[PDB]
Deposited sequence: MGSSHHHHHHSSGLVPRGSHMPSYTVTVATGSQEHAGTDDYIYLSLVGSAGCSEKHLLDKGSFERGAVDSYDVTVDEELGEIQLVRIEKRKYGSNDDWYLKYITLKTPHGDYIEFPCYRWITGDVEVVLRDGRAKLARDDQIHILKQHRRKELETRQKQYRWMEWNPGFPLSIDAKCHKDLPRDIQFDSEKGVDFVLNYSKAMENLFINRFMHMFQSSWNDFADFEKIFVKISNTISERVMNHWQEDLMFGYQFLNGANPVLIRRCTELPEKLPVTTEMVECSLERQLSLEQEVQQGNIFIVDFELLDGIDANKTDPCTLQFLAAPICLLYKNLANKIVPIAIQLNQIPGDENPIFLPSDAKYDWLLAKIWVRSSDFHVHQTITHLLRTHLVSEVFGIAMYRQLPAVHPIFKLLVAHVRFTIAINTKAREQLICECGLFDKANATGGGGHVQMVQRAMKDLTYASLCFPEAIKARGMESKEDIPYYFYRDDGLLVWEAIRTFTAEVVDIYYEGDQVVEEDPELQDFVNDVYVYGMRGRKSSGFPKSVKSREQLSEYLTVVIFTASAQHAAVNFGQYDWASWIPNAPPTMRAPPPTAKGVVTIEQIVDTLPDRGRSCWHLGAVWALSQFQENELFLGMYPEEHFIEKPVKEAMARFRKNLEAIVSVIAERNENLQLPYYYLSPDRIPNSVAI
């Protein structure tokens, strides 16, 4: 597809591969040399995926080339042009590359530095210092902060996807489109007939299983057959879709008045409950955050209900963690019983179903939305505002914030907006899901996002004591691989800690995240400034890990584990049981979501779990912002490292009844894009 035009600099221009990447409009190129600029030469039709070469000879001698300038002048229609990169081969024999990876509308001229990475401190001539300063001044008018809802992290200043800068939109306007992807998911799953039966209950578990067997995958079929098993219930806290809430229990809360006699049948070591606690064998999962959140009222006909359960869990003689007591609300009472696996069959099944519906809410809104998407958009915005394209940290982070602002904005326009599709199936729809974010912000700390540290704060770090925590195990290896990569990057570009402390754009980028993203909350623990290479290396690992590995661990298991509804009910249509011996299976069915919500849930988890045809997986950096040998060798090592992790995860999972593969580096996107 390479087209050479001969008629001197050799100027090659690479157009992009995406749908509308090509243009028919006139293209003018200029060279800014150390010794004076050049004319506005007309290269002249750049089709998608092209590589066009033009011979260009200048009316004067320019010296070393500092900048390349691009201008697009309409021809007929307004045709946007995606520009990958420009190269020159000079009369002296020098090859210089200028990375772009931006959308050129006719609105603004584009000016690109040669792709070596440069700190402000490197630029001492006016030609470069003015470009750098004018680039940031332009970023900061283009990428602005805005509060979408009160108390939230701040987000991009755009009502809808259309108003975003083209540079950060999706390559097609509705290529990723929640409202179409959800309904299209519901044809493929073939539950178009139940889409609008928001009043019809599944006749019994069989009637829903008819629908599900058609559409089951490996894990979701295993969940269909084993979801009533306590072993599976417990298993998900460590290795399902939301494996971050459990923690080792060091003293039993006063709010859980559970005694040894109540759970002697579960205990297996000839020890009392208190002794089991002192020994590290008791674990807890406490949904107090759900205490007081409003239940969804958007539908007058159907009543939605929420709980705030306490779930006590026991590591048995086989080192599996099983549930041994469940209180469905926070304030103990006689109408808030402690349900036990010794209870009537449906009392304890129903109790376990409420804990699963609770895990789901906390997962979707907090773990998923707040703590991977919103957090990531924050980093993305601060990055575009404060880090010019030539800065090493922009070259590094930009891959990892690709379509992050675009997806989050399509969601605020459509999914979690007022009267959005989130309200169709979830009991935190209506507004409850905004309160959850507000009250969760108090816990959104920098330390919580340091994966090892965060695992230890939950007392879950010991592999000897807790040996089936595959989420932890894989996370730790991917965290360290990123840790090794970012540290190689900072060490390449920052020879000492003083260089890190004295980098104004790096400090502003970090200060932007703390003041605007996190609202300047002292309790957030975010750095106001980074003053060492170690601290920056860790900071960078936080950004990348949150955006790839954490987002992929909590996002791509959604269909595996929530497509069998009774294992992850988005909503509940009856309040929790206040007493034992009352609940019947017929009453559990009528509590579970109707056919209608059930289907909107199924498309949702289906769509959200898909990979794009040409997804970019961790360490795949087709856009060469970096072009220098040492950082490209760091990246190669990063690729070799991630693959070694893929080999050990695959070896592990061949031995497992239910493989954990969400954090296998070959399935972890670079960024939050769905």
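**Q** What ranges of the deposited sequence, counted from 1, have no C-alpha atoms in this structure?
**A** Unmodelled stretches, in sequence order: 1-2, 10-22, 60-61.
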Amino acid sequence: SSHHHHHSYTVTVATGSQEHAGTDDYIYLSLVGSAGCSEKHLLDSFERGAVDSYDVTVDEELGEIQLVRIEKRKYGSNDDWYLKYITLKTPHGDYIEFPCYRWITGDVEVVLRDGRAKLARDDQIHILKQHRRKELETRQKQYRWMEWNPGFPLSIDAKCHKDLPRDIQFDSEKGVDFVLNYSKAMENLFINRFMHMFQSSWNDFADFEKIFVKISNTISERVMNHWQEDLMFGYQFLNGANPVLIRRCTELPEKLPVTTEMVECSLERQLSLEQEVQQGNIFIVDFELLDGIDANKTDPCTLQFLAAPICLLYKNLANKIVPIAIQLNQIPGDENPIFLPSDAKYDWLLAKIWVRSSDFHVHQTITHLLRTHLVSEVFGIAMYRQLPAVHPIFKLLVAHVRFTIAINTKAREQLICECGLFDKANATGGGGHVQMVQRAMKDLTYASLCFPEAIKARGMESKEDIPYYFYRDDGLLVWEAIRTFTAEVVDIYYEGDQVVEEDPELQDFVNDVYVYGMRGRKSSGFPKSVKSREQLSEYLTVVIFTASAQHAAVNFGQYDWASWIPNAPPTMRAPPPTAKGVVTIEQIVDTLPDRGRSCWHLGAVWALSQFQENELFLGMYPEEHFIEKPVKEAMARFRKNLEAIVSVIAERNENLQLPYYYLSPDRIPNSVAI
From here on, numbers count along this sequence of modelled residues.
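C-alpha atoms forming the largest set that superposes within 1.5 Å between two forms make up the rigid core.
**Q** Consider 307-315 and 70-78 separately and indicate which one has Cα atoms farther, on average, from the shown form in 5 other deposited structures of this protein after rigid core alignment.
**A** Result of the core-fitted comparison in 5 other deposited structures of this protein: 70-78 deviates more.
**Q** Across the other PDB entries of this protein that model residues on both sides of residue 541, is it left without coordinates in at least a third of them?
**A** Negative; every one of those entries includes residue 541.
**Q** One third of the other compared structures is the cut-off here: is residue 227 left unmodelled in that many or more?
**A** No, modelled in all of them.
**Q** I need to verify one thing: averaged over C-alpha atoms only, is the B-factor higher for 48-56 or for 632-640?
**A** Here the higher of the two C-alpha B-factor means belongs to 48-56.
**Q** Where do the C-alpha atoms have the higher mean temperature factor in this entry, in 16-24 or in 656-664?
**A** According to the entry, 16-24 carries the higher average C-alpha B-factor.
**Q** For the listed 496, 420, 323, 150, which has the peak Cα B-factor recorded in the PDB entry?
**A** Comparing C-alpha B-factors across 496, 420, 323, 150, the maximum falls on 420.
**Q** Take the CA temperature factors straight from the PDB entry and tell me which of 536, 482, 303, 219 peaks.
**A** Of the candidates given, the C-alpha B-factor peaks at 303.
**Q** By the record's CA B-factor, is residue 512 among the lowest, middle or highest third of residues in the chain?
**A** Within its chain, residue 512 is a lowest-third residue by C-alpha B-factor, going by the deposited values.
**Q** Hey, what third does residue 258 fall into on Cα B-factor, ranked over its chain?
**A** Tercile = middle for this residue's CA B-factor.
**Q** Residue 530's Cα B-factor: lowest, middle or highest third of the chain?
**A** Residue 530: CA B-factor falls in the middle third of its chain.
**Q** Would you mind checking where the Cα B-factor of residue 114 ranks among the modelled residues of its chain, as the lowest, middle or highest third?
**A** For residue 114, the deposited C-alpha B-factor lands in the lowest third.
**Q** Once the chain's modelled residues are ordered by C-alpha B factor and cut into thirds, is residue 133 in the lowest, middle or highest one?
**A** Lowest third, going by the recorded CA B-factors of the chain.
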